[PDB]
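**Q** here is the input, now give the coordinates:
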Amino acid sequence: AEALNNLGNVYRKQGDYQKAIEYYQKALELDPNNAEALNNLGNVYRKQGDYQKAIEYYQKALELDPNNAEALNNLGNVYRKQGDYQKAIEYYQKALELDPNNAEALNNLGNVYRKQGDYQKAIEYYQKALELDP
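**A** Residues are numbered from 1 along each chain as shown. Here you go:
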């Protein structure tokens with residue numbers, strides 16, 4: 001399944017999303033509890049705009065590893081892209097509970113608050129993000 005994963009990665013990198021979904025799904029048939037295949041699938045579904053399928057494989061990935069800040073963040077992103085800001089915040093906060101120094105989670109939390117109109121919170125979360133790396 002590592003070869004199938006690699007094939008999917010290449011097509012995914014070159015934007016051939018439907019070919020990438022094929023190869024990731026083939027990796028899941030060999031190891032149905034493959035974290036990399038499950039995460040990579042949610043990645044392609046998110047990039048495609050299939051937000052229900054992205055949630056499906058992102059929630060499947062969090063079942064096997066509830067400490068994937070990368071998946072926790074991408075689940076929040078998928079919820080933000082479908083306008084569910086309450087769920088998106090909940091997931092960015094889950095990613096910050098795990099790692100309070102997550103620059104993408106802090107940046108994404110400021111982004112959602114800006115979209116919401118809570119600019120006082122947005123400035124607070126954006127400041128936290130720059131307080132890490134210049």
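
**Q** need the contact list for residue 54.
**A** Listed by C-beta atoms under 8 Å, 6 or more residues apart in numbering, the contact set of residue 54 reads 42-43, 45-46, 74, 78. C-betas here are computed from N, CA, C, even on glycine.

**Q** so which helix or strand takes in it?
**A** helix 51-64 (DSSP states H and E).

**Q** how far away from the center of its chain is that helix?
**A** 9 Å (C-alpha atoms, centre = their mean, to the nearest Å).

**Q** C-terminal to that helix, what's the next element?
**A** Next element after helix 51-64 (DSSP H and E): helix 69-81.

**Q** and that next one, what does it pack against?
**A** Secondary-structure packing of helix 69-81 (3 or more C-beta pairs under 8 Å, 6 or more residues apart in numbering; DSSP states H and E): helix 35-48, helix 51-64, helix 85-98, helix 103-116.

**Q** what lies in contact with that helix?
**A** 39, 42-43, 46, 49, 51, 54-55, 58-59, 61-62, 65, 85, 87-92, 94-95, 98-99, 102, 104-105, 108, 111-112, 115.

**Q** among the residues you listed, which ones are buried?
**A** For the contacts of helix 69-81, a neighbour count by 16 or more other C-beta atoms under 10 Å gives the buried set as 39, 42-43, 46, 51, 54-55, 58, 61-62, 87-89, 91-92, 94-95, 102, 104-105, 108, 111-112.

**Q** can you pull the contacts of the residue lying closest to residue 33 once chain neighbours are set aside?
**A** Distances taken as C-beta to C-beta, 6 or more residues apart in numbering place residue 64 nearest to residue 33, at 5.8 Å, with adjacent residues excluded. Residues in contact with residue 64, defined by C-beta under 8 Å, 6+ apart, are 33, 35, 38.

**Q** measure how buried the second one is and give me the count.
**A** Spelled out, it's residue 35. Using other C-beta atoms under 10 Å, residue 35 has 14 neighbouring residues.

**Q** that one contacts residue 61, correct?
**A** Yes - taking contacts as C-beta atoms under 8 Å, residue 35 lies within contact range of residue 61: 6.1 Å.
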